[PDB]
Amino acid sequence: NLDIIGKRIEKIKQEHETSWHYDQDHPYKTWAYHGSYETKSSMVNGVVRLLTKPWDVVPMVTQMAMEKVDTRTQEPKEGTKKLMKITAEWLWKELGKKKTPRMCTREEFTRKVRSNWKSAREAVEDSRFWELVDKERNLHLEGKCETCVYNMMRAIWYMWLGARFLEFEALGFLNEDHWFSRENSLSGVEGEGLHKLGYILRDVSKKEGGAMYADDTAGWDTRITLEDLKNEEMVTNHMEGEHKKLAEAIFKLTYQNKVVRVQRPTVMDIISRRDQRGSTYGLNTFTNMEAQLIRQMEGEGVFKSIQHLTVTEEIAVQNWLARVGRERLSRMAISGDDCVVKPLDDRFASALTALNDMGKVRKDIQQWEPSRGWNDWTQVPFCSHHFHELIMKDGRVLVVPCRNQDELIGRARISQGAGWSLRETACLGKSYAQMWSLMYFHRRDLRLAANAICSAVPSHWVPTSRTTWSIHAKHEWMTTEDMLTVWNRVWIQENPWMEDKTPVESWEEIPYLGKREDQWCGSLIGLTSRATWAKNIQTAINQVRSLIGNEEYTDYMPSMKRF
């Protein structure tokens, strides 16, 4: 307890000696309280809103712009703990077969910050920051920590740049070298991209099995146990030398014994705990892959009880893993806490003992109620999307991503942060428009609104900011290259599920969902407000061009049949 975290608490105490006190009436019960000290934007994107007038009266769009971490998860039973250890050891070996753990560099970290002190850009350029990094790194090498403290604000657990670099240096390889790519992990989807997720679910559906299960865990990061953190730590067994010690330091000193600061009505509390995850992707994917294989084992009756595992059962588990483990991994699509599983049959639905005992209690369902599966891959939820099968005029088949259209419009109408110029606002509007042209072209209102935004924003202005922080986004729309060329590269040329590589010559060859399907997924097609908007779109485009000024514009509307 106090030995590993003491040095971090001491520094905070000395830094705030004047204010430092032990508040006897604090609201902590699961977190260890140490002391407290005294202490001290969802903006609308006007370009997008002006070009999406019918949605000004749609509440689901307009409303978008307008301490549940102090819980304890019971220690799993001895059998669950054996199941997790056997599975985690097996899974790290499968993952390491074709990959080599390595340290990530200052140059790679600098390359990241230079894309995505008052800024990380400022600190990374200053030699003194790297000297502070050196002092922290040398403490880690002898099993000590002084500055790796989380700053809470779901709750986002921030960290100082140097603590982030040390974490990235030791464990960045998991993401940088694609350990959870579908090729390497079989269940993983890291590096795939939203436009491949649909084809992966259709491939999973081709397997013989029961329904497709896609159970959400209620607050996954709070359900990460010490047992999970210890099982994830086993990746150090595949490392050597300096790398091995640095990674063991991140796990033991910053993950298994964290020091967190949080503002309370204004005091700053200094709390600690051995479990939970600060809200990485790779480690959540690993542990979810492990938890879902164990559920598959239970469904298949590999073991009878979680309370304890029989001498023979432990062998049966190891035999199951060597015999069918990889095939069972391939029945899954897992991205952190997001999962889709197509098990051997429907016994999985009621295989809930190990799942609940691991702490991965399902959301919006009673603890012992059997899961309700999906009978069609096109109905399955995955990473806030569902997927449609679209047949092109030429017979080729696209598998496209989709979500309720109000969510898409509501999000594009939001600008995050302060001090944006009209040019930066217009350029973020352009990033959303090009993202829609690439991913959601099949939605009538979005292809129209996207062409309107691209017609209203100066043609050579470069898309800015980001439309999403999703790890599934590859940002192909962040360019001034013609979007028909980008569409052909993404959907035809580089698409492995597309055998015929004939390019598309116009947007008119690119299909939409059926009109009724489009309305079902939130289209305003058929409404009077929408017909007026579509008919008078040049007027809305001109209003924005007039606000931006005397610039060079292109009319993208005639790429559509009606225009």
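Position 1 is the first residue in the sequence shown; the rest follow in order.
- Coordinates are given for every deposited residue between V57 and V58; the gap count there is zero.
- In the deposited entry, the stretch joining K40 to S41 is interrupted by 4 to 9 residues of the deposited sequence lacking coordinates.
- Mean CA temperature factor is higher for 160-168 when stretches 160-168 and 399-407 are set side by side in the entry.
- With 508-516 and 25-33 compared on mean CA B-factor from the PDB entry, the stretch scoring higher is 25-33.
- For the set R273, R328, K93, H195, the PDB entry assigns the largest Cα B-factor to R273.
- As recorded in the PDB entry, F129 shows the highest C-alpha B-factor of the residues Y432, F129, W420, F382.
- For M557, the recorded CA B-factor ranks within the lowest third of the chain. Only modelled residues enter the ranking.
- For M483, the recorded CA temperature factor ranks within the lowest third of the chain's modelled residues.
- Ranked by Cα temperature factor within the chain, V69 sits in the highest third according to the deposited record.
- Annotation for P76: C-alpha temperature factor in the highest third relative to the rest of the modelled chain, per the entry.
- Ranked by C-alpha B-factor against the other modelled residues of its chain, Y281 falls in the middle third.
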